[PDB]
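Below is one structure, written out as structure tokens; the observations come after it.
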Amino acid sequence: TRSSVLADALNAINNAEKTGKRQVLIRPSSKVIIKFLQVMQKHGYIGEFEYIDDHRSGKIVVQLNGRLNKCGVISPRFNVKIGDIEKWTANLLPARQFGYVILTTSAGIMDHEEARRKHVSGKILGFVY
Amino acid sequence: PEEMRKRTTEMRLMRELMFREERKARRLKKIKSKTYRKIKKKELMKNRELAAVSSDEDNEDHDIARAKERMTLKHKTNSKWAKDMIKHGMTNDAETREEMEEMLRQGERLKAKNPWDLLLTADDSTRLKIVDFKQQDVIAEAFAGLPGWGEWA
Amino acid sequence: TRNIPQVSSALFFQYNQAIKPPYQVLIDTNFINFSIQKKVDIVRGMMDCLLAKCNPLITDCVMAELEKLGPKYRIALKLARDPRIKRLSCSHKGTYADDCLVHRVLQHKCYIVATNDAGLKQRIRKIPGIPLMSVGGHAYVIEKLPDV
Amino acid sequence: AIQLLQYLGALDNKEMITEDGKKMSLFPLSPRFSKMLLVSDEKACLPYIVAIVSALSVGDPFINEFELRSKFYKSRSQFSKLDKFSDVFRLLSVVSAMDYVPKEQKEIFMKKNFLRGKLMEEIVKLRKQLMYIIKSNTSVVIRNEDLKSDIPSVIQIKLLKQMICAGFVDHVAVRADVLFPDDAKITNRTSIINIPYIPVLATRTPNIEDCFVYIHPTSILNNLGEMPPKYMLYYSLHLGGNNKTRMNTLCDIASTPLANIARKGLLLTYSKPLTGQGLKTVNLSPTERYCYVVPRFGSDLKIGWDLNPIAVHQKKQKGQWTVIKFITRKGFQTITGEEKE
RNA sequence: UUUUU
Ligand SMILES: [Zn+2]
């Protein structure tokens, strides 16, 4: 059964880039997916993506530029304190300033350094680098 | 016309041919004996080497290959498979030690750094056309000394 | 004319009295994987290992190997181009990195060699007074550098 | 004698003289040489064959070491420059070289190079005569200038080697270590002169050493310095003083050219199509296929061996796959391409 | 050893 739509989406992105595809289709959609892709877009790893509604959960079609070295989810969504963030960044990233750990914090979905600047914490969604 | 019948026979024969490799290929799949596969490879490697099917490696290609081996170190005993055999006395046996040794040498192969073919169309058109008998045979004489396919035959 | 190379003035039997902090270290191509693979940052795994400021150095030959690797090792390529990593020019035709590294340490006894290749490590081991850095387990390890 | 002519194509399987046989008889020479000239028309290779053919017809103008030091090899080194694996080209080297010698200086050149003069004068006269019969029967005053010829091209050299093959198809020998490595162990210390070879069509003896034949002392191959070629052509076999059979080598031949030449003879057979990665029976039609085969060259009571695999064209004549044409590796690699397209 | 169109 479908347990994590976000994991399936990110796996689709990884397969798409690995095969060199410029565009990839993701189904089903979810607000977390759009927020995650918006963070990725802001960091520039991903280009334009467009939502297609069908009167069901919907679909995404995302343009790809080959700047994504890896992207993945962290399941289960461990609670993360501010002290614990650097531990996660050390584990999941080849270097701290290469990549971002995306946290769903009380102020929204956002990358780790933004969370440090805002002094907020929460659960961990995944990583991109 | 009748040419379609010739066409049908043509596809029929091809469909026969594809099944045959399918039966043969399908049966060869089930045989997964290490000895049988081992012999088949060695015959195959000889044929490739004798026929020179594999293109020679340019010096650049060797450098790329040597680049990967150094840059990874995939062919040493620190690999998962090799380390497991070493630490549990599996390499005392000769066959597994050979499977280890072939791996190591494969890695070592990558680590290595007066003035004095156009095949002859010797068919009859290639000949020099020289130009020069029965009465001589008359002298030679002076020496002295499908049916039945469908009807009764 | 016969040649008997003069042993370096930086050496007293087997201790190099010249290598001192901040250390200059030459980076081998294979080092980058076992750094990336172990999630060990290059600059600071060195500081944690040596407890000093370390100046990594990438030569043209080791660099020349890296782009030849291709897309699979892009991350290694990018980390090699981190501006904190200085570059060393080379004036020898060959691109074989192992020979180039062995020559440079032969020339001047001021470099640490960061590598995990057994063959290269043995060659450096024969040369006296060359601290040899490697990555194992979780972090970097230095063998012939007693100031530690 | 009958079997030899059949190999040369002079006689058919019914022992009836072929058209080639009729043409061959027009020449004053042995059938081996006549076949050589029969195929020589390509690429102006005719003068070179005529030079060689006359030389081998008359015998060696060379004086050997036993009958006789620095000067000797100096002359030998000059004439072995064309090829380091052919004694035939040395004869071509000497014979052609003499055409550039001014008439007054032939004798001095002759003594300086340890050459048997009377054989050469007869060689020169026959090259004229064979140059006469060719021109008269193909279309005739022949001058000494007409005998003058320039150095062969590298292509001509390879082509010319295949000319010698056609007249000596049955006199090919292989290095014994190839067929029977257990019996013929060649070391880096083994002398070239003692490297065994096995003639084609040689009688199978219970002991295989009896079929070994070794290089004659007079061959340049003894001074070659590297391993002798895979296959070799010989003129004749002589019993050495050590009860060791010695062959008078002609020249080397590569396997695939050998197969092409033996294709028209009775000396070549074809294995079943090979299978595996790379080698695949490409099927154009139910009566067409391109596939790799192993040519088995030589006629189980004799010694023949298998050649390197070759890409070939097959067409089903009356149910038996017959070889139409040989195919290069690139030709085969393309062919599998279009079907996938 | 001979020797041939
Ligand atoms: Zn260099």
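Following the order of the structure tokens, chains are lettered A, B, ..., residues in each are numbered from 1, and ligands are numbered from 1.
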
Find the residues of chain B in contact range of chain D, meaning any atom within 9 Å when counting only C-alpha atoms, and list them as number ranges by chain.
B: 10, 13-14, 17, 40-41, 44, 47-48, 50-54, 114-124, 126-132

May I have the selected residues written with N, CA and C atoms, as an mmCIF file, in the first residue's frame?
data_model
loop_
_atom_site.group_PDB
_atom_site.id
_atom_site.type_symbol
_atom_site.label_atom_id
_atom_site.label_comp_id
_atom_site.auth_asym_id
_atom_site.auth_seq_id
_atom_site.Cartn_x
_atom_site.Cartn_y
_atom_site.Cartn_z
ATOM 1 N N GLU B 10 6.641 -17.145 -45.685
ATOM 2 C CA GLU B 10 7.832 -16.468 -45.187
ATOM 3 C C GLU B 10 7.708 -16.162 -43.699
ATOM 4 N N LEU B 13 7.844 -19.450 -41.610
ATOM 5 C CA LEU B 13 9.185 -19.956 -41.347
ATOM 6 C C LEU B 13 9.875 -19.136 -40.265
ATOM 7 N N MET B 14 9.766 -17.808 -40.338
ATOM 8 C CA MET B 14 10.382 -16.973 -39.314
ATOM 9 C C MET B 14 9.796 -17.271 -37.942
ATOM 10 N N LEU B 17 11.371 -20.228 -36.698
ATOM 11 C CA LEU B 17 12.749 -20.001 -36.271
ATOM 12 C C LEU B 17 12.809 -19.354 -34.891
ATOM 13 N N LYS B 40 31.276 -23.066 -20.557
ATOM 14 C CA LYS B 40 30.719 -22.279 -21.653
ATOM 15 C C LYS B 40 31.441 -20.945 -21.794
ATOM 16 N N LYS B 41 31.742 -20.287 -20.674
ATOM 17 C CA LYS B 41 32.478 -19.029 -20.750
ATOM 18 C C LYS B 41 33.852 -19.220 -21.384
ATOM 19 N N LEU B 44 33.745 -19.417 -24.860
ATOM 20 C CA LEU B 44 33.373 -18.121 -25.417
ATOM 21 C C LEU B 44 34.554 -17.158 -25.420
ATOM 22 N N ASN B 47 36.947 -17.919 -28.248
ATOM 23 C CA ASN B 47 36.440 -17.530 -29.560
ATOM 24 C C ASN B 47 36.569 -16.028 -29.776
ATOM 25 N N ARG B 48 36.246 -15.234 -28.755
ATOM 26 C CA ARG B 48 36.419 -13.792 -28.880
ATOM 27 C C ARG B 48 37.883 -13.435 -29.101
ATOM 28 N N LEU B 50 40.416 -15.312 -30.250
ATOM 29 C CA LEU B 50 40.903 -15.761 -31.550
ATOM 30 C C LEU B 50 40.332 -14.909 -32.673
ATOM 31 N N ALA B 51 39.055 -14.547 -32.577
ATOM 32 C CA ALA B 51 38.396 -13.747 -33.598
ATOM 33 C C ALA B 51 38.679 -12.259 -33.457
ATOM 34 N N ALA B 52 39.306 -11.835 -32.360
ATOM 35 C CA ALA B 52 39.645 -10.429 -32.145
ATOM 36 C C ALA B 52 38.409 -9.543 -32.269
ATOM 37 N N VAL B 53 37.304 -9.999 -31.690
ATOM 38 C CA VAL B 53 36.053 -9.258 -31.769
ATOM 39 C C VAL B 53 36.137 -7.988 -30.929
ATOM 40 N N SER B 54 36.865 -8.059 -29.819
ATOM 41 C CA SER B 54 36.969 -6.930 -28.904
ATOM 42 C C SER B 54 38.027 -5.943 -29.381
ATOM 43 N N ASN B 114 70.800 0.676 -56.096
ATOM 44 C CA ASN B 114 69.443 0.413 -56.558
ATOM 45 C C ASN B 114 68.437 0.641 -55.436
ATOM 46 N N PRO B 115 67.154 0.785 -55.781
ATOM 47 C CA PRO B 115 66.141 0.884 -54.718
ATOM 48 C C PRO B 115 66.131 -0.330 -53.813
ATOM 49 N N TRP B 116 66.471 -1.493 -54.354
ATOM 50 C CA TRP B 116 66.382 -2.745 -53.624
ATOM 51 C C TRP B 116 67.570 -2.904 -52.681
ATOM 52 N N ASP B 117 42.423 -7.048 -44.068
ATOM 53 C CA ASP B 117 43.380 -7.555 -45.044
ATOM 54 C C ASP B 117 42.745 -7.610 -46.427
ATOM 55 N N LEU B 118 43.439 -7.068 -47.426
ATOM 56 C CA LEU B 118 42.932 -7.126 -48.791
ATOM 57 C C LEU B 118 43.024 -8.564 -49.287
ATOM 58 N N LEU B 119 41.920 -9.300 -49.194
ATOM 59 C CA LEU B 119 41.910 -10.706 -49.567
ATOM 60 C C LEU B 119 41.852 -10.845 -51.080
ATOM 61 N N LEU B 120 42.622 -11.790 -51.604
ATOM 62 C CA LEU B 120 42.674 -12.019 -53.040
ATOM 63 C C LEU B 120 41.348 -12.557 -53.544
ATOM 64 N N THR B 121 40.690 -11.787 -54.412
ATOM 65 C CA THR B 121 39.540 -12.290 -55.156
ATOM 66 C C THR B 121 40.058 -13.215 -56.256
ATOM 67 N N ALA B 122 40.504 -14.398 -55.834
ATOM 68 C CA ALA B 122 41.143 -15.332 -56.753
ATOM 69 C C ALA B 122 40.121 -16.074 -57.609
ATOM 70 N N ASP B 123 38.887 -15.578 -57.645
ATOM 71 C CA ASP B 123 37.887 -16.063 -58.575
ATOM 72 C C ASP B 123 38.374 -15.897 -60.014
ATOM 73 N N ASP B 124 37.645 -16.519 -60.940
ATOM 74 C CA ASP B 124 38.139 -16.677 -62.300
ATOM 75 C C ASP B 124 38.245 -15.358 -63.055
ATOM 76 N N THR B 126 39.722 -12.795 -61.859
ATOM 77 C CA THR B 126 41.001 -12.236 -61.440
ATOM 78 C C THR B 126 42.165 -12.759 -62.276
ATOM 79 N N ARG B 127 41.922 -13.745 -63.129
ATOM 80 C CA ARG B 127 42.982 -14.437 -63.840
ATOM 81 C C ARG B 127 43.586 -13.544 -64.913
ATOM 82 N N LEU B 128 44.882 -13.708 -65.138
ATOM 83 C CA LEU B 128 45.489 -13.311 -66.399
ATOM 84 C C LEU B 128 44.741 -13.997 -67.533
ATOM 85 N N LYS B 129 44.386 -13.237 -68.567
ATOM 86 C CA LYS B 129 43.566 -13.773 -69.653
ATOM 87 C C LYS B 129 44.457 -14.194 -70.825
ATOM 88 N N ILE B 130 45.094 -15.355 -70.659
ATOM 89 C CA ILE B 130 45.922 -15.911 -71.723
ATOM 90 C C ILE B 130 45.040 -16.572 -72.772
ATOM 91 N N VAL B 131 45.516 -16.573 -74.013
ATOM 92 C CA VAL B 131 44.820 -17.180 -75.140
ATOM 93 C C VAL B 131 45.781 -18.122 -75.850
ATOM 94 N N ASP B 132 45.306 -19.326 -76.154
ATOM 95 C CA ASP B 132 46.097 -20.297 -76.905
ATOM 96 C C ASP B 132 46.554 -19.718 -78.242
#

Would you mind listing, as a list in words, all residues of chain E that have at least one atom within 12 Å of chain D, where only C-alpha atoms (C1' of nucleotides) are what counts? residues 3, 4 and 5 of chain E

**Item:** Contacts with ligand 1 at most 10 Å, only C-alpha atoms (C1' of nucleotides) and all ligand atoms counted, listed as a ChimeraX atom specification
**Value:** /C:58-64,88-104

- Message: Rounded to one decimal, what separation in Å do you get between atom CA of residue 111 of chain A and atom CA of residue 89 of chain A?
- Response: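 These two atoms are separated by 10.9 Å.
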
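Atom CA of residue 107 of chain B lies 18.2 Å from atom CA of residue 85 of chain B.
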
Excluding residue 132 of chain C and its own-chain neighbours fewer than 3 positions away, which residues fall within 12 Å of it when counting only C-alpha atoms (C1' of nucleotides)? Please give them as a ChimeraX atom specification. /C:24-28,50,101-102,105,110-118,120-129,135,140-146

Write the selection just made, keeping C-alpha atoms, as a short mmCIF file (atom, residue, chain, number, x, y, z; two decimals), in the first residue's frame?
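So result31.cif came out as:
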data_model
loop_
_atom_site.label_atom_id
_atom_site.label_comp_id
_atom_site.auth_asym_id
_atom_site.auth_seq_id
_atom_site.Cartn_x
_atom_site.Cartn_y
_atom_site.Cartn_z
CA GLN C 24 50.76 21.16 4.11
CA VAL C 25 49.10 17.95 2.90
CA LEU C 26 48.82 16.52 -0.60
CA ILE C 27 45.44 15.02 -1.48
CA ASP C 28 45.23 11.71 -3.31
CA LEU C 50 46.24 16.49 13.60
CA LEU C 101 53.01 12.40 -5.52
CA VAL C 102 56.00 10.14 -4.87
CA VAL C 105 57.74 14.07 -1.44
CA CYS C 110 57.36 19.22 3.84
CA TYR C 111 54.21 17.37 2.72
CA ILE C 112 51.81 14.98 4.38
CA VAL C 113 50.45 12.38 1.97
CA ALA C 114 46.71 11.74 2.30
CA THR C 115 45.92 8.44 0.60
CA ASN C 116 44.51 4.97 1.18
CA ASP C 117 46.15 3.11 -1.72
CA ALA C 118 48.21 0.23 -0.36
CA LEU C 120 51.31 4.12 -2.87
CA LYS C 121 51.38 3.90 0.93
CA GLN C 122 54.15 1.30 0.83
CA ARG C 123 56.22 3.45 -1.54
CA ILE C 124 55.83 6.45 0.77
CA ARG C 125 56.67 4.24 3.76
CA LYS C 126 60.05 3.37 2.27
CA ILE C 127 60.85 7.08 1.97
CA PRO C 128 61.99 8.27 5.42
CA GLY C 129 60.33 11.10 7.27
CA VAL C 135 41.08 7.62 6.52
CA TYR C 140 41.46 10.38 9.56
CA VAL C 141 44.56 8.70 10.99
CA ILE C 142 48.20 9.81 10.89
CA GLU C 143 50.97 7.25 11.45
CA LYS C 144 54.41 8.88 11.08
CA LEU C 145 53.77 12.22 12.82
CA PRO C 146 54.71 11.88 16.50
#

Please provide as an mmCIF file with C-alpha atoms, in the first residue's frame all residues within 12 Å of residue 190 of chain D, with the sequence filter that same-chain residues fewer than 2 positions apart are discarded (counting only C-alpha atoms (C1' of nucleotides)).
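That gives us around.cif:
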data_model
loop_
_atom_site.group_PDB
_atom_site.id
_atom_site.type_symbol
_atom_site.label_atom_id
_atom_site.label_comp_id
_atom_site.auth_asym_id
_atom_site.auth_seq_id
_atom_site.Cartn_x
_atom_site.Cartn_y
_atom_site.Cartn_z
ATOM 1 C CA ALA D 184 55.649 -29.105 -27.691
ATOM 2 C CA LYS D 185 56.754 -26.944 -24.754
ATOM 3 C CA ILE D 186 58.500 -23.864 -26.155
ATOM 4 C CA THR D 187 60.546 -21.800 -23.699
ATOM 5 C CA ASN D 188 62.079 -18.366 -24.103
ATOM 6 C CA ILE D 192 64.324 -20.796 -33.136
ATOM 7 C CA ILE D 193 66.026 -23.551 -35.131
ATOM 8 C CA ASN D 194 64.736 -26.133 -32.615
ATOM 9 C CA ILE D 195 61.126 -24.897 -32.426
ATOM 10 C CA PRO D 196 59.043 -27.808 -33.804
ATOM 11 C CA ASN D 222 67.168 -18.550 -37.243
ATOM 12 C CA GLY D 225 65.459 -12.977 -32.682
ATOM 13 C CA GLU D 226 61.726 -13.236 -31.878
ATOM 14 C CA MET D 227 59.173 -16.042 -31.907
ATOM 15 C CA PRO D 228 58.546 -17.408 -35.423
#

Nearest-residue call for chain C, choices B:21, B:141, B:69, B:49, using only C-alpha atoms: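 Nearest candidate to chain C out of B:21, B:141, B:69, B:49: B:69.
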
Quick check for you: according to DSSP on this backbone, which residues of segment 10-146 of chain C are classed as alpha helix (DSSP H)? Reply as a ChimeraX atom specification. /C:29-36,42-50,60-69,74-80,97-107,118-126
